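Here the structure comes first, spelled out in C-alpha cells, and everything after it is commentary.
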Amino acid sequence: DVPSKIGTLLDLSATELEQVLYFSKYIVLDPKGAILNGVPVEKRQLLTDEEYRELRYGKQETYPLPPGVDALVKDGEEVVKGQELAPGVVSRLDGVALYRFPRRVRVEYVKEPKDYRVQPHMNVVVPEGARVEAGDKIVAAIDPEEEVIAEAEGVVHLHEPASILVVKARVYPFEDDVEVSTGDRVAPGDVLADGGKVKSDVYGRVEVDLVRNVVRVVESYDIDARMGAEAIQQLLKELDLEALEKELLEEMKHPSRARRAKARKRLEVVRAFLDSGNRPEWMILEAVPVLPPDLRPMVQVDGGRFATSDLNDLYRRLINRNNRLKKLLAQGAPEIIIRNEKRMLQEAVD
Amino acid sequence: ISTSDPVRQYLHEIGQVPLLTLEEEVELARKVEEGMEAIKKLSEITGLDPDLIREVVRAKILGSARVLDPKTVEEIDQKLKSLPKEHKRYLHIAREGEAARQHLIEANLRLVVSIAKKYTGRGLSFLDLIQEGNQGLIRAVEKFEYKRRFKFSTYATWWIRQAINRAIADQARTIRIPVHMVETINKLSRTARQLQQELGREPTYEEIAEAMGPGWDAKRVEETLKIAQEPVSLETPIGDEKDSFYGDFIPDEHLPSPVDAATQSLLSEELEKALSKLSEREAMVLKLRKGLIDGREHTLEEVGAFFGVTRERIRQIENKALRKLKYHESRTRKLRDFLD
DNA sequence: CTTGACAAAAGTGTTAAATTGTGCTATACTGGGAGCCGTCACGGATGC
DNA sequence: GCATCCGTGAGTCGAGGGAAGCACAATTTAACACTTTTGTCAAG
C-alpha cells in the first residue's frame with residue numbers, strides 16, 4: 001500500500017523492501033567487522049547473494065585440468081592472480097591451491113619410480129611427499145583386490161590432478177590434536193592445535209584436513225545478514241520511536257522543502273504509531289488468524305455436491321507450505337531450499 | 001533473475017551451484033557415509049543419542065544463522081571436543097560428512113526441477129512440486145549408497161517421483177482422500193479412458209467395472225466416481241456479467257427460520273397451558289421425564305430419587321397424567337394442529 | 001406406593017476386517033512454459 | 001518533467017447457470033456375545 005508503512009519507518013524504498021521480503025537481497029544486522037572490497041560493511045546495508053556468500057564463506061574456485069596433463073603447481077602451494085596453474089589454465093585469485101583428485105601416484109622406492117593409477121572409485125589416503133614404510137596403504141578402494149599398498153619404504157608423490165581448487169585461506173601445520181573442528185568459526189588469537197603453539201591469524205571458517213594433517217582457515221566473516229520478514233521484524237523491534245521522532249523533528253528544520261516533506265511523512269507515521277499504542281513489529285505476522293468456518297462454509301447442496309469458498313483453498317495452501325517449511329527446517333535442509341520455502345510461505349500469506 | 005517471478009528466481013538460484021562430476025559425486029557420497037558411521041561410533045562411545053549428536057553436528061555446520069537451545073548444543077560440542085585425538089577424529093569425520101551432505105543436496109536441484117516439470121497441472125503448483133521433490137531428494141541422499149557404483153540420479157529419481165506423487169495424492173484436493181483411494185480413482189480413470197477410446201463412446205459403469213477386474217461392479221464404480229467429485233467454489237460466477245456467484249443461490253438450512261422459531265414458541269406456550277390442568281406433581285413428573293426442565297430426559301429411578309418414590313408408581317402416575325392430557329385435548333382440540 | 005419377576009434397549013469387552021498411513025523401488029536422466037494489444041483512460045500520489 | 005504505479009468507473013431485475021504400485025504397520029469400524037439398566041406387567 002503505497003507509501004509503504006514498513007518502508008517509511010525503516011527508511012527502505014519499495015524496491016528494497018520487496019527485495020528483502022521476498023529473499024532477493026540480504027540485509028545486514030551485525031557486520032561483525034566484515035570488510036567488503038576493502039570497505040567495512042555497515043548495518044542496514046543490502047547485500048546480494050554473491051556478496052553475502054563471499055563475506056560469509058570466503059572465496060574459492062575450481063579449475064578442471066584437461067585429462068592427461070600434469071599441473072605445474074604442487075599440492076599446498078600459494079598462487080597469485082593470473083598465475084598459470086597447468087600448462088593450459090591460469091588462476092583468477094591468490095590463495096592456496098590444492099589437488100582435487102590426483103589420477104596417478106608416483107612413489108619412489110629405495111633399493112625405483114613405480115607408478116600407480118587412481119580411478120574415480122579410488123581415493124588417496126596419504127599426503128604428498130610422505131615417507132611410507134613397507135606395508136602401509138597408499139590408495140583406498142571399494143574392492144581390496146584393486147587396493148594399492150606399498151611394496152617397500154618410499155616417498156609418495158601425487159601427480160595428474162583432475163582439477164585444482166584455489167581457495168583464499170590460511171594453512172597451519174599441526175602435530176598434536178587440534179582444538180577446533182570442521183565448520184567452526186575462529187578469530188585472530190584463538191587456539192587451533194598443539195596446545196596454543198598454532199593460533200589463528202585471521203577470521204574465517206576452520207576445517208581440518210587429516211590427509212594433509214593441516215588446519216585451513218578460509219578468510220570469511222561471521223556476518224549477520226538475513227532476508228525475509230524476520231529481518232524486517234528484527235529491524236522494527238530494534239526501532240526506537242522516541243529517538244526517531246526526535247531526529248525527524250530536528251530534520252524538520254532543514255531549509256530544503258523536499259527534506260521537510262519527507263520528514264513530515266515519516267513523522268506522521270511515527271506519531272500515529274506512538275499515539276495509537278501499536279507496535280511497528282506488529283505489522284509482521286507471527287500467527288495468522290483463521291476465519292470461523294461458517295463464514296467460509298463447506299456446505300452440501302440439495303444434490304449432494306459440496307460447495308466451498310476460496311478462503312479454504314488459501315488457508316490450505318498456507319498450512320501446507322507452513323508444515324512443509326517446518327519439516328524442512330527439522331531435516332536441516334540447505335539454505336536454498338529453506339529460502340524458497342520461506343518465500344513461498346510469504347507469497348501464500350500475501 | 002526476475003524479482004516478480006518466483007520460478008525464475010528459484011531457477012537462477014539453483015543455477016549458481018555447478019553440477020557434480022562423477023569423482024565429486026562419489027567423494028561426497030563417501031563422505032556422507034563416513035560421517036554417518038562416525039556419528040554412530042561417537043554415539044556408541046560417548047553414550048549419547050545418535051540423533052542428538054547428528055543434530056549438534058548439523059547445527060555447528062549450518063552455523064549460527066539458524067534458529068534444543070544453543071547452550072546445550074555448545075555444551076555437547078565442548079564435550080565432544082574434550083575427547084582425545086582418536087575420537088575427535090570421528091567428530092571431524094562427522095562434520096565433514098554433514099558438510100558433504102549439504103553440498104550433495106545443493107547440487108541436485110536441477111534434477112528435481114527436471115523431474116517435477118512433468119507433474120504440473122495435477123492440483124499442485126510447479127514450486128510446490130519442486131519443494132516436495134526436494135524432500136524426496138533429501139531422503140534419497142540419506143538412503144543413497146555409493147558402494148553399488150550406481151550414479152546418484154538413478155536412485156534419486158525414484159525418491160523424487162515418490163515424494164511428488166505422494167504430495168499430489170495428499171494435497172491436490174480440498175477434501176483429502178487417502179492414498180489408496182486416490183490410486184483407485186486414477187486407475188479407474190485410466191480404465192475409463194482406455195474403454196472410451198476403444199469403444200468410440202463413453203463407457204457405462206458395467207464395462208468399466210468389468211475391465212477393472214474382480215470385485216468390481218457398476219455400483220462400486222458409481223460410488224467411487226461420486227467420491228471423486230471435487231467441491232465447487234462458492235465464488236464461481238453464474239452469468240455473463242460475472243456479478244452473481246454460486247453462493248447467492250444456496251439457502252442456509254441450518255439456522256431455524258422465523259416461522260420455525262415462532263411455531264416452536266407457540267407449541268411451548270400451548271404445552272405450558274395444557275400442563276396447568278394437571279396436578280402439581282404429575283405435571284412435574286411429565287416435564288422431568290420428557291426433559292422439559294433440565295433439557296434431558298430423566299429415568300424413572302432418577303425421578304424417584306428426586307421424589308423418594310419407586311419406579312412403578314412413577315410410571316403409573318405418568319400414564320394417568322398422560323391420559324388426563326389426552327382427555328383434555330379431546331375435549332378442547334387446542335393442541336392437535338402443532339403435531340403436523 | 002411396594003417388590004418381583006422379566007423382554008428389551010443400551011452399554012461393554014474383544015476380534016477379524018476394512019480402511020488408512022508410511023516406506024520403498026539402484027542403468028541414467030540435472031534451469032518452465034504459456035505467453036501473445038483495440039494493451040482502458042484518466043486523475044492522484046510518489047519519487048526520482 | 002516524467003515516469004511509474006494504483007484505484008476508479010449507476011441502479012433494480014431475470015436466466016441459466018449447476019507415476020504407479022506393492023508390501024506392511026496402525027487405526028478405525030463393524031460385529032458380536034455378554035452384562036446390564038430401563039421399561040413394563042402382576043399383583044400386594
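Sequence lines set the chain letters: A, B, ... in the order given, protein chains first and strands last, and positions in each chain run from 1. All values below were derived from every heavy atom in this structure, side-chain atoms included, with hydrogens, water molecules and symmetry-related copies excluded.
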Centroid-centroid distance, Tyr155(B) to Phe150(B), less than 6.0 Å: no
When the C1'-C2'-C3'-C4' sign is the only test used, does the sugar of [N] come out north or south?
N	result
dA41(C)	south
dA10(C)	south
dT22(C)	south
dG32(C)	south
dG9(D)	north

Base, sugar-phosphate, or nothing for [X], non-hydrogen atoms under 4.0 angstrom?
X	result
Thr154(B)	base
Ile177(B)	nothing
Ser114(B)	sugar-phosphate
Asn186(B)	sugar-phosphate
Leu20(B)	nothing

Any donor-acceptor N/O pair under 3.5 Å between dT40(D) base and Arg311(B) side chain: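 Donor-acceptor pair under 3.5 Å: yes.
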Under 3.5 Å donor-acceptor pair, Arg289(B) side-chain atoms to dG39(D) base atoms: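 No, the side chain and the base share no sub-3.5 Å donor-acceptor pair.
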Stacking of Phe150(B) on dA26(C) base (centres under 5.5 Å, planes under 30°):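 Taking the rule of under 5.5 Å and under 30°, the ring of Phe150(B) does not stack on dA26(C).
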For the pair made of [atom1] in [X] and [atom2] in [N], what is the distance, rounded to whole Å?
X	N	atom1	atom2	value
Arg313(B)	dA43(D)	CZ	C1'	15 Å
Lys117(B)	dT30(C)	NZ	P	8 Å
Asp5(B)	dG31(C)	CG	P	17 Å
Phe249(B)	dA15(D)	CZ	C1'	9 Å
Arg139(B)	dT22(C)	CZ	P	14 Å
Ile160(B)	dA26(C)	CD1	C1'	14 Å
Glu145(B)	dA26(C)	CD	P	11 Å
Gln162(B)	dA23(D)	CD	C1'	14 Å

So which nucleotide from [options] ends up closest to the side chain of [X]?
X	options	value
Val301(A)	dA26(C), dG18(D), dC1(C)	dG18(D)
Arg315(B)	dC41(D), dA20(D), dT30(C)	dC41(D)
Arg166(B)	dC24(C), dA43(D), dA19(D)	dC24(C)
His180(B)	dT25(C), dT19(C), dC29(C)	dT19(C)
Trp159(B)	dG17(D), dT30(C), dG23(C)	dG23(C)
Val113(B)	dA42(D), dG31(C), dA19(D)	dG31(C)
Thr299(B)	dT20(C), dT38(D), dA26(C)	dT38(D)
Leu300(B)	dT40(D), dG17(D), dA19(D)	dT40(D)

Does [N] pair with anything, Watson-Crick or G-U wobble, both distances under 3.5 Å, and if so, with which nucleotide?
N	answer
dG9(D)	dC40(C)
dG11(C)	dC34(D)
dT22(C)	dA23(D)

Does a salt bridge link [X] with [Y], judged by any charged N lying under 4.0 Å from a carboxylate O?
X	Y	answer
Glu16(A)	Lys25(A)	no
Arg53(A)	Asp49(A)	yes
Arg100(A)	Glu23(B)	no
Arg324(A)	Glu341(A)	yes

Comparing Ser244(B) and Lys187(B) on DNA chain D - which has the more 5′ nearest nucleotide: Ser244(B)
Closest-nucleotide ordering on DNA chain D, the 5'-leading residue of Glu183(B) and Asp1(A):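 The 5'-side residue here is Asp1(A).
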Residue of the set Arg316(A), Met344(A), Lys326(A), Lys342(A) for which side-chain contact (heavy atoms from CB on, under 4.5 Å) holds with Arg321(A): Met344(A)
Syn-anti status, with the boundary at 90° from 0, for the nucleotide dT19(C):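 Chi for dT19(C) falls in the anti range.
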Six-membered ring stacking of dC36(C) and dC37(C), under 5.5 Å, under 30°: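 Flagged as non-stacked, criteria not both satisfied.
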For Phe126(B), all residues meeting ring-ring contact (aromatic ring centres under 6.0 Å, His included), sequence neighbours excluded: none
Partner residues of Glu301(B) under the salt bridge (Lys or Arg N to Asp or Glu O under 4.0 Å) criterion, sequence neighbours left out: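 For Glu301(B), no residue satisfies salt bridge (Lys or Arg N to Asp or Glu O under 4.0 Å) once neighbours in sequence are set aside.
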